[PDB]
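Participant: One file is attached below, final_31.tsv, containing TSV, C-alpha atoms.
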```
chain	number	residue	atom	x	y	z
A	643	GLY	CA	91.50	77.56	101.55
A	644	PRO	CA	91.42	79.79	104.66
A	645	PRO	CA	88.59	79.40	107.18
A	646	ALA	CA	86.87	82.40	108.75
A	647	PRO	CA	88.04	83.80	112.12
A	648	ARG	CA	85.81	82.53	114.94
A	649	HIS	CA	84.32	84.50	117.85
A	650	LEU	CA	83.85	88.01	116.48
A	651	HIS	CA	82.80	91.02	118.55
A	652	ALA	CA	82.92	94.81	118.20
A	653	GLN	CA	82.65	97.61	120.72
A	654	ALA	CA	82.74	101.35	120.26
A	655	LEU	CA	85.57	103.22	121.96
A	656	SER	CA	84.31	106.54	120.70
A	657	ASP	CA	81.41	107.77	118.57
A	658	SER	CA	83.74	107.93	115.59
A	659	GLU	CA	85.54	104.60	116.02
A	660	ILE	CA	84.90	100.94	116.85
A	661	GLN	CA	87.45	98.30	117.77
A	662	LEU	CA	87.01	94.72	116.57
A	663	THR	CA	88.06	91.62	118.47
A	664	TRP	CA	88.61	88.25	116.86
A	665	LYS	CA	90.28	84.89	117.49
A	666	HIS	CA	92.42	82.48	115.48
A	667	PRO	CA	90.89	79.37	113.97
A	668	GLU	CA	92.69	76.29	115.32
A	669	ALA	CA	93.88	74.14	112.42
A	670	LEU	CA	94.64	76.10	109.27
A	671	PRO	CA	95.99	74.77	105.95
A	672	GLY	CA	99.20	76.76	105.60
A	673	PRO	CA	99.99	80.25	106.90
A	674	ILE	CA	97.80	83.28	106.23
A	675	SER	CA	99.04	86.57	104.84
A	676	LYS	CA	96.54	89.13	106.15
A	677	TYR	CA	93.04	89.79	107.48
A	678	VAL	CA	90.36	91.73	105.63
A	679	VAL	CA	87.81	93.80	107.54
A	680	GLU	CA	84.83	95.64	106.08
A	681	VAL	CA	82.44	98.28	107.36
A	682	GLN	CA	78.85	98.72	106.25
A	683	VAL	CA	75.83	100.67	107.49
A	684	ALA	CA	74.17	99.24	105.40
A	685	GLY	CA	71.01	100.70	103.88
A	689	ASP	CA	79.71	100.81	98.18
A	690	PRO	CA	80.91	99.08	101.33
A	691	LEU	CA	84.41	100.05	102.47
A	692	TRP	CA	87.19	97.45	102.73
A	693	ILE	CA	90.00	97.73	105.30
A	694	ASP	CA	93.06	95.48	105.08
A	695	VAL	CA	94.73	94.37	108.31
A	696	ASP	CA	98.39	93.82	107.51
A	697	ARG	CA	99.64	91.82	110.49
A	698	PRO	CA	97.99	88.34	110.50
A	699	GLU	CA	99.34	87.66	114.01
A	700	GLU	CA	96.87	90.15	115.43
A	701	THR	CA	93.70	89.66	117.45
A	702	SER	CA	92.24	93.16	117.36
A	703	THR	CA	92.34	96.44	115.51
A	704	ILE	CA	90.74	99.86	115.74
A	705	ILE	CA	88.59	101.21	112.93
A	706	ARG	CA	89.18	104.93	112.54
A	707	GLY	CA	87.09	107.50	110.67
A	708	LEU	CA	83.46	106.67	111.42
A	709	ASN	CA	80.27	108.66	111.92
A	710	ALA	CA	78.71	109.38	115.28
A	711	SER	CA	75.38	107.93	116.38
A	712	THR	CA	75.42	105.43	113.52
A	713	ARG	CA	75.11	101.65	113.58
A	714	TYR	CA	77.53	99.47	111.61
A	715	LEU	CA	77.98	95.83	110.68
A	716	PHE	CA	81.34	94.10	110.46
A	717	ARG	CA	82.71	90.97	108.82
A	718	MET	CA	86.14	89.35	108.62
A	719	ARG	CA	88.08	86.80	106.59
A	720	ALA	CA	91.53	85.22	106.57
A	721	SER	CA	93.67	85.55	103.46
A	722	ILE	CA	96.35	83.31	102.01
A	723	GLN	CA	98.32	84.75	99.11
A	724	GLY	CA	99.98	82.25	96.79
A	725	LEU	CA	103.36	83.40	95.55
A	726	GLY	CA	104.05	82.95	91.86
A	727	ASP	CA	107.26	81.84	90.19
A	728	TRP	CA	110.17	84.27	89.90
A	729	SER	CA	110.91	85.89	86.55
A	730	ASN	CA	114.26	86.20	84.79
A	731	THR	CA	116.81	88.37	86.57
A	732	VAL	CA	117.86	91.60	84.86
A	733	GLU	CA	120.59	94.15	85.63
A	734	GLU	CA	120.60	97.92	85.14
A	735	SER	CA	122.90	100.28	87.01
A	736	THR	CA	122.22	103.92	87.88
A	737	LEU	CA	124.75	106.46	86.67
A	738	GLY	CA	125.30	110.20	87.07
B	644	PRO	CA	101.10	82.01	89.26
B	645	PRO	CA	103.40	81.98	86.19
B	646	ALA	CA	106.33	84.38	86.20
B	647	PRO	CA	105.97	87.69	84.29
B	648	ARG	CA	108.06	87.14	81.16
B	649	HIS	CA	110.34	89.54	79.28
B	650	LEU	CA	111.45	91.76	82.14
B	651	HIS	CA	113.16	95.07	81.37
B	652	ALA	CA	114.81	97.90	83.31
B	653	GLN	CA	115.72	101.52	82.60
B	654	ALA	CA	116.61	104.18	85.18
B	655	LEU	CA	116.06	107.94	84.95
B	656	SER	CA	119.25	109.61	86.15
B	657	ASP	CA	120.11	109.45	89.85
B	658	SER	CA	116.94	108.68	91.81
B	659	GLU	CA	114.27	106.49	90.22
B	660	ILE	CA	114.44	103.34	88.16
B	661	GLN	CA	111.60	102.16	85.92
B	662	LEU	CA	110.79	98.53	85.12
B	663	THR	CA	108.83	96.97	82.26
B	664	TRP	CA	107.43	93.48	81.87
B	665	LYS	CA	105.12	91.38	79.72
B	666	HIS	CA	102.16	89.62	81.33
B	667	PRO	CA	102.24	85.79	81.63
B	668	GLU	CA	99.94	83.65	79.47
B	669	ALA	CA	97.60	80.86	80.60
B	670	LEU	CA	97.03	81.43	84.32
B	671	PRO	CA	94.47	79.68	86.57
B	672	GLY	CA	92.28	82.56	87.70
B	673	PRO	CA	93.31	86.19	88.31
B	674	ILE	CA	96.27	87.63	90.19
B	675	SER	CA	96.34	90.10	93.07
B	676	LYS	CA	99.63	91.95	92.67
B	677	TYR	CA	103.17	91.88	91.30
B	678	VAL	CA	105.96	91.58	93.84
B	679	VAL	CA	109.34	93.13	93.05
B	680	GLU	CA	112.66	92.53	94.80
B	681	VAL	CA	115.53	95.03	94.88
B	682	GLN	CA	119.06	94.15	95.95
B	683	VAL	CA	121.75	96.78	96.39
B	690	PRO	CA	117.04	92.94	100.08
B	691	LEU	CA	113.69	94.77	99.94
B	692	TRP	CA	110.35	93.65	98.50
B	693	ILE	CA	108.19	96.39	96.98
B	694	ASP	CA	104.98	95.16	95.37
B	695	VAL	CA	102.77	96.91	92.84
B	696	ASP	CA	99.22	97.34	94.10
B	697	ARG	CA	97.42	97.32	90.73
B	698	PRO	CA	97.90	93.88	89.04
B	699	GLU	CA	96.76	95.03	85.58
B	700	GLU	CA	100.02	96.90	85.15
B	701	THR	CA	103.00	96.64	82.80
B	702	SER	CA	105.45	99.13	84.30
B	703	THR	CA	106.32	100.71	87.61
B	704	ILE	CA	108.76	103.18	89.12
B	705	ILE	CA	111.37	102.06	91.62
B	706	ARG	CA	112.30	104.94	93.90
B	707	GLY	CA	115.12	105.39	96.40
B	708	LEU	CA	118.36	104.49	94.64
B	709	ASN	CA	121.89	105.78	95.20
B	710	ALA	CA	123.86	106.63	92.07
B	711	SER	CA	126.78	104.57	90.76
B	712	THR	CA	125.45	101.27	92.07
B	713	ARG	CA	124.95	97.93	90.35
B	714	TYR	CA	121.23	97.18	90.69
B	715	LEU	CA	119.37	94.04	89.64
B	716	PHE	CA	115.67	93.14	89.62
B	717	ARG	CA	113.34	90.15	89.68
B	718	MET	CA	109.56	89.79	89.74
B	719	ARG	CA	106.78	87.33	90.48
B	720	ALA	CA	102.99	87.16	90.45
B	721	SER	CA	100.65	86.54	93.37
B	722	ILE	CA	97.10	85.44	94.10
B	723	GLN	CA	95.30	86.31	97.31
B	724	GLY	CA	93.24	83.32	98.38
B	725	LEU	CA	90.35	85.09	100.06
B	726	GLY	CA	88.73	82.71	102.53
B	727	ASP	CA	85.16	82.66	103.82
B	728	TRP	CA	83.65	85.63	105.69
B	729	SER	CA	83.07	85.46	109.45
B	730	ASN	CA	79.84	85.79	111.41
B	731	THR	CA	78.24	89.19	110.98
B	732	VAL	CA	78.19	91.36	114.10
B	733	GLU	CA	76.50	94.64	115.02
B	734	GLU	CA	77.67	97.45	117.28
B	735	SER	CA	76.34	100.94	117.99
B	736	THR	CA	78.11	104.28	118.40
B	737	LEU	CA	77.18	107.27	120.57
```
Taking this structure as input, can you express it in the form of structure tokens?

Facilitator:
Amino acid sequence: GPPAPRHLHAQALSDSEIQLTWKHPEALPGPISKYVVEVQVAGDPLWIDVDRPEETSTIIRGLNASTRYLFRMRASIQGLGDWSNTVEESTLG
Amino acid sequence: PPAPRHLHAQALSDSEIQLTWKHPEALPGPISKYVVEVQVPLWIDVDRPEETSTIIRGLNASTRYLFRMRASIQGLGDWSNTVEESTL
């Protein structure tokens, strides 16, 4: 059960890109795996996965000029499943 | 997430190795992806979870390879405050 990242703010570096700045929530139940950012116009919406969870900002590339956007974020905790049976298979010539 | 049962392996010739597995029964909710480990370690997960087989690339010939898999579930937390920003 991951809480949302607090204190969100975006600012456009160029007409075709906007960087997004966020902060860590204080007490979190367990570690998080990644962040998920989404872009919408929004009169379908695109999802962009931020790989490194230890990150406080990222730059959204590939946007349209002179267009307004709305952004949202969420923390993600992936639960690893049990390992399956081990199998062996060698590669030959 | 329960482990994917009945795992199987079968290589091509001298490059790629293909794996095959049966889905696990009785699982609480969906799963996000299947993670696969390859020791000559390196984890290489399959993006699409509704899958029964995948191709393992990058393998030197004449080498004893072994595989193991596991399921995963991305616990997507709550969304953050919505924010607006203009471009020009």

Participant: Contacts from chain A to chain B, 8 Å maximum, only C-alpha atoms: show me the residue list as a ChimeraX atom specification.

Facilitator: /A:643-654,656-660,710-738

Participant: Take atom CA of residue 708 of chain A and atom CA of residue 665 of chain A and report the distance between them in Å, one decimal.

Facilitator: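 It comes out at 23.6 Å.
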
Participant: Mind pulling up the distance from atom CA of residue 704 of chain A to atom CA of residue 661 of chain A?

Facilitator: 4.2 Å

Participant: Using only C-alpha atoms, can you tell me which of A:664, A:655, A:697, A:709 comes closest to residue 682 of chain A?

Facilitator: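 That would be A:709, the residue with the smallest distance to residue 682 of chain A.
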
Participant: When you draw a straight line from atom CA of residue 698 of chain A to atom CA of residue 680 of chain A, how long is it in Å?

Facilitator: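 Atom CA of residue 680 of chain A lies at a distance of 15.7 Å from atom CA of residue 698 of chain A.
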
Participant: Rebuild segment 668-680 of chain A so that it carries N, CA, C and O atoms, then output the result as a short mmCIF file (atom, residue, chain, number, x, y, z; two decimals), keeping the file's coordinate frame.

Facilitator:
```cif
data_model
loop_
_atom_site.label_atom_id
_atom_site.label_comp_id
_atom_site.auth_asym_id
_atom_site.auth_seq_id
_atom_site.Cartn_x
_atom_site.Cartn_y
_atom_site.Cartn_z
N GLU A 668 91.69 77.26 114.89
CA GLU A 668 92.69 76.29 115.32
C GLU A 668 93.65 75.61 114.36
O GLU A 668 94.86 75.83 114.41
N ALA A 669 93.10 74.78 113.48
CA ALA A 669 93.88 74.14 112.42
C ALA A 669 93.66 74.83 111.09
O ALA A 669 92.54 74.88 110.58
N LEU A 670 94.73 75.35 110.51
CA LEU A 670 94.64 76.10 109.27
C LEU A 670 95.60 75.51 108.25
O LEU A 670 96.76 75.23 108.58
N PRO A 671 95.12 75.28 107.01
CA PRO A 671 95.99 74.77 105.95
C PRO A 671 96.97 75.83 105.45
O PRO A 671 96.62 76.66 104.61
N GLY A 672 98.19 75.79 105.97
CA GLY A 672 99.20 76.76 105.60
C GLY A 672 99.04 78.05 106.36
O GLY A 672 98.06 78.23 107.08
N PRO A 673 100.01 78.96 106.22
CA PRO A 673 99.99 80.25 106.90
C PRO A 673 99.12 81.25 106.14
O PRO A 673 98.95 81.13 104.93
N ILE A 674 98.59 82.24 106.86
CA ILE A 674 97.80 83.28 106.23
C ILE A 674 98.61 84.56 106.11
O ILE A 674 99.51 84.82 106.91
N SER A 675 98.27 85.37 105.12
CA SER A 675 99.04 86.57 104.84
C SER A 675 98.48 87.81 105.53
O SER A 675 99.25 88.64 106.03
N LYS A 676 97.16 87.95 105.56
CA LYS A 676 96.54 89.13 106.15
C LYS A 676 95.08 88.88 106.49
O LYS A 676 94.52 87.84 106.13
N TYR A 677 94.47 89.83 107.19
CA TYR A 677 93.04 89.79 107.48
C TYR A 677 92.35 90.91 106.74
O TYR A 677 92.94 91.97 106.52
N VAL A 678 91.10 90.69 106.35
CA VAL A 678 90.36 91.73 105.63
C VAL A 678 89.06 92.08 106.35
O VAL A 678 88.17 91.25 106.48
N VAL A 679 88.97 93.33 106.80
CA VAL A 679 87.81 93.80 107.54
C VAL A 679 87.01 94.80 106.72
O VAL A 679 87.58 95.62 106.00
N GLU A 680 85.69 94.73 106.83
CA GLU A 680 84.83 95.64 106.08
C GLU A 680 83.75 96.28 106.94
O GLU A 680 83.23 95.67 107.88
#
```
